[PDB]
Number of protein chains: 2
Amino acid sequence: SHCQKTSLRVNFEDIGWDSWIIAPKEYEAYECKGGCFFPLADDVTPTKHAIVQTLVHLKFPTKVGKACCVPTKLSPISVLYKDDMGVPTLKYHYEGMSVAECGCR
Amino acid sequence: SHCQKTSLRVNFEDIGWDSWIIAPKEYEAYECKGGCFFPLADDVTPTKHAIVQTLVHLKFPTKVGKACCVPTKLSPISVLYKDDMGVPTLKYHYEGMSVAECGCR
Ligand SMILES: [Cl-]
Ligand SMILES: [Cl-]
Ligand SMILES: [Cl-]
Ligand SMILES: [Cl-]
Ligand SMILES: [Cl-]
Ligand SMILES: [Cl-]
Ligand SMILES: [Cl-]
Ligand SMILES: [Cl-]
Ligand SMILES: [Cl-]
Ligand SMILES: [Cl-]
Ligand code: NA
Ligand code: NA
Ligand code: NA
Ligand code: NA
Ligand code: NA
Ligand code: NA
Ligand code: NA
Ligand code: NA
């Protein structure tokens, strides 16, 4: 109904990253989906500008766009990548790959 | 062309806040407009998940949405508000009201 985290399995070969990512083949990135219209939920954690823009968009829908459900906190994953030498190397904390929290911004 | 900060003057009476905000009558909130498609600019400061989602959306446009140009840093303003007593009170740093930086998230 509103801004929330939903599932999103990403295949690295489909996005053209299999050339430098050996493993894993796929991973769970999640995504943020849902509207930011009023009334909001108790755990949306919206900013005051997101609230203002939503109100302005309600009054002028053709001139001002809506606020967006977006990742507000990200989590790392581990990836096995080949470096310039070409040897499998483990990046233990490859930051910013998975959604931890969603929100209206 | 891409994700950037553009002007947005917000009238407090139009958004139904004039009941508790005496001054100012309007203020400059800015907004974030633009696409997040490739190729990106040098100052978009995108997250890796925003990059992954943009790639996945390119491959599956009907199943995965695009990343969004959103405020990544906010600035405060000062407002003159009437409190429960009804006396004009100055909120010097009313946080989160103006866009400082935009970005793809
Ligand atoms: Cl609400
Ligand atoms: Cl805020
Ligand atoms: Cl690491
Ligand atoms: Cl650790
Ligand atoms: Cl990293
Ligand atoms: Cl690029
Ligand atoms: Cl990141
Ligand atoms: Cl203050
Ligand atoms: Cl100060
Ligand atoms: Cl505040
Ligand atoms: Na995929
Ligand atoms: Na897939
Ligand atoms: Na309009
Ligand atoms: Na650990
Ligand atoms: Na306005
Ligand atoms: Na106006
Ligand atoms: Na598709
Ligand atoms: Na000051």
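Read the figures in this text as sums done on the coordinates, not as results from a lab. FYI the Cβ positions are ideal-geometry reconstructions off the backbone, even for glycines, and counts take in every protein chain you see.
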| task | Take segment A:53-72 and flag every residue that is free of Cβ contacts under 8 Å to residues at least 24 places away in the same chain and within 12 Å of residue A:105 (Cβ to Cβ). | result | A:53
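Name the one entry in A:41, A:50 that is touching a residue at least 12 places away in the same chain (Cβ under 8 Å) and either within 16 Å of the chain's Cα centre (by Cα) or surrounded by 16 or more Cβ atoms within 10 Å (Cβ to Cβ) (or both).
A:50
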| said: I need the full set of residues from segment B:68-105 which are within 12 Å of the chain's Cα centre (by Cα), more than 24 Å from residue B:40 (Cβ to Cβ) and within 16 Å of ligand 15 (Cβ to nearest atom), in order please. | reply: B:97, B:98
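In segment A:1-49, which residue that is of a type in the set (A, V, I, L, M) and touching a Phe, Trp or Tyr at 6+ places or on another chain (Cβ under 8 Å) is nearest to ligand 10 (Cβ to nearest atom)?
Selected residue: A:8.
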| What pairs come up if the first residue lies in segment A:88-99 and is polar (S, T, N, Q), the second is within 16 Å of ligand 12 (Cβ to nearest atom) and not in a strand (DSSP E or B), and their beta carbons are under 9 Å apart, counting only those six or more places apart or on different chains? | A:98/A:29; A:98/A:30; A:98/B:49
| What do you reckon, is residue B:15 surrounded by fewer than 19 Cβ atoms within 10 Å (Cβ to Cβ), among the β-branched types (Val, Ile, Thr) and within 16 Å of ligand 15 (Cβ to nearest atom)? | yes
| request: Of the conditions (1) hydroxyl-bearing (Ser, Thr, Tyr); (2) within 16 Å of ligand 5 (Cβ to nearest atom); (3) at negative phi, residue B:72 clears all except one; give me its number. | output: (2)
| query | Can you tell me which residues in segment B:61-104 are more than 8 Å from chain A (Cβ to nearest Cβ), within 16 Å of ligand 11 (Cβ to nearest atom) and over 18 Å from residue A:96 (Cβ atoms)? | reply | B:61, B:62, B:63
| message | I need a count of the residues in segment A:56-72 that are crowded, with 19+ Cβ neighbours inside 10 Å and under 13 Å from residue B:17 (Cβ atoms). | response | 1
| request: Kindly provide the set of residues from segment B:73-87 that are in contact (Cβ under 8 Å) with a residue 12 or more places away in the chain and either surrounded by fewer than 20 Cβ atoms within 10 Å (Cβ to Cβ) or in contact with a helix residue (DSSP H, G or I) (Cβ under 6 Å, 6 or more places away or on another chain) (or both), ordered by number. | output: B:73, B:74, B:75, B:76, B:77, B:78, B:80, B:81, B:82
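Among the residues of segment A:17-38, is any closer than 27 Å to residue B:93 by Cβ and outside any loop (DSSP other than H, G, I, E, B)?
Kept after step one, since they are closer than 27 Å to residue B:93 by Cβ, are these residues of segment A:17-38: A:36, A:38.
Subset that is outside any loop (DSSP other than H, G, I, E, B): none.
No, segment A:17-38 contains no residue that is closer than 27 Å to residue B:93 by Cβ and outside any loop (DSSP other than H, G, I, E, B).
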| For the subset of segment A:42-91 comprising residues that are part of a loop (DSSP other than H, G, I, E, B) and basic (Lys, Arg), which member is nearest to residue B:75 (Cα to Cα)? | A:66
| query | Does any residue in segment B:13-30 that is within 11 Å of chain A (Cβ to nearest Cβ) and aromatic (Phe, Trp, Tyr) come within less than 7 Å, Cβ to Cβ, of a residue that is surrounded by 13 or more Cβ atoms within 10 Å (Cβ to Cβ) and part of a loop (DSSP other than H, G, I, E, B) six or more places away or on a different chain, and which pairs are these? | reply | B:30/B:8
